[PDB]
Every structure is written in structure tokens, then in C-alpha cells.
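> Mind looking over this structure? Questions follow.
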2 protein chains.
Amino acid sequence: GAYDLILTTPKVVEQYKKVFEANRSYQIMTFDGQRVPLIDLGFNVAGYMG
Amino acid sequence: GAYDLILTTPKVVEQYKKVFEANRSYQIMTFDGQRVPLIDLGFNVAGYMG
């Protein structure tokens, strides 16, 4: 088979959005004093395997 | 209000330097068989929020 659409009541888009939540772990690698960072803590969904 | 200075008996600069070490980990990213890496384990303090 070869699917193209997923239908997903948005009670379950929020479950798929919660799997990424358990695996995010923000990390800072570029730091030499200047430009104190600033955070957002939000993200969107681009699909599953395209 | 808004502050401009911090005064810090330099024992506590060494404590503020010590709280960085429980929140850092050196990590390596490239793998090509050249330039065996060089370590330093030292880091300077640039203040707090600028």
C-alpha cells in the first residue's frame, strides 16, 4: 500500500505533538558572551514522513 | 526597578562558575580521521543577562 492522507481528530494531533515534547531537550552550543538568548517553547507539525 | 551592577565576594563567583559545571557536557561532532581533538576544561565568566 501507499497512503497519502492522515485524518487525525485534533485530540490525537496533540498526542503526536506530545511525543516530540518528551524528546526535545534544548541545548546551547554557541556562546561567547554577546547576544543573551531568548526562548519560545512552541512548535508546529509538518506531518509524518513528508 | 532595574539593576546595573552585581558585587559578589569572589568566593561566590566561584560558586556561580560551579553551577555551570552541573549543566554542561563536552560533546564531539565530526569524524574524519584527522586533527585529534584538544581539551581545555576552563571557562571564563561574562556576567549575567549582559
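None of the figures in this text is laboratory data; all of them are computed from the coordinates on show. Please note: Cβ atoms are built from the backbone with ideal geometry, for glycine as well, and neighbour counts cover all protein chains shown.
> Residues to consider are B:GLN27, B:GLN34; find the one that is polar (S, T, N, Q) and over 20 Å from A:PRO37 (Cβ atoms). Give the derivation first.
On the way: B:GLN27 fails: over 20 Å from A:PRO37 (Cβ atoms).
Result of the check over B:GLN27, B:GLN34: B:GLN34.
> Here's something else I'd like to know. Which of the numbered conditions does B:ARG24 fail, given that it passes all the others? Conditions: (1) over 22 Å from A:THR30 (Cβ atoms); (2) in a loop (DSSP other than H, G, I, E, B).
(1)
> Also: Does A:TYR3 satisfy the criteria of being over 30 Å from B:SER25 (Cβ atoms) and touching a residue at least 40 places away in the same chain (Cβ under 8 Å)?
Details: over 30 Å from B:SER25 (Cβ atoms): yes; touching a residue at least 40 places away in the same chain (Cβ under 8 Å): no.
Answer is no for this residue.
> Out of A:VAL36, A:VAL13, report the one residue that is in a helix (DSSP H, G or I), out of contact with any helix residue (DSSP H, G or I) (no Cβ under 7 Å at 6 or more places or on another chain) and without any contact (Cβ under 8 Å) to a residue 60 or more places away in the chain. It would help to see each step written out before you state the result.
Working: A:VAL36 fails: in a helix (DSSP H, G or I).
Answer to the selection: A:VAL13.
> Another one. Please enumerate the residues belonging to the range A:11-50 that are surrounded by 10 or more Cβ atoms within 10 Å (Cβ to Cβ), more than 13 Å from chain B (Cβ to nearest Cβ) and not charged (D, E, K, R).
Of everything in the range A:11-50, those that are surrounded by 10 or more Cβ atoms within 10 Å (Cβ to Cβ), more than 13 Å from chain B (Cβ to nearest Cβ) and not charged (D, E, K, R) turn out to be A:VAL12, A:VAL13, A:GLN15, A:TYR16, A:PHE20, A:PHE43, A:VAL45.
> Yes or no: A:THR8 among the hydroxyl-bearing types (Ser, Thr, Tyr), free of Cβ contacts under 8 Å to residues at least 24 places away in the same chain and surrounded by fewer than 10 Cβ atoms within 10 Å (Cβ to Cβ)? Quick ask: steps written out before the conclusion?
On the way: among the hydroxyl-bearing types (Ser, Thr, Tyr): yes; free of Cβ contacts under 8 Å to residues at least 24 places away in the same chain: yes; surrounded by fewer than 10 Cβ atoms within 10 Å (Cβ to Cβ): no.
For A:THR8, the condition - among the hydroxyl-bearing types (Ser, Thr, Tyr), free of Cβ contacts under 8 Å to residues at least 24 places away in the same chain and surrounded by fewer than 10 Cβ atoms within 10 Å (Cβ to Cβ) - is not met.
> Do the conditions hold for A:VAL12, that is, is it out of contact with any strand residue (DSSP E or B) (no Cβ under 8 Å at 6 or more places or on another chain), hydrophobic (A, V, I, L, M, F, W, C) and more than 30 Å from B:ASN44 (Cα to Cα)?
Details: out of contact with any strand residue (DSSP E or B) (no Cβ under 8 Å at 6 or more places or on another chain): yes; hydrophobic (A, V, I, L, M, F, W, C): yes; more than 30 Å from B:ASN44 (Cα to Cα): yes.
So A:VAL12 fits the description; yes.
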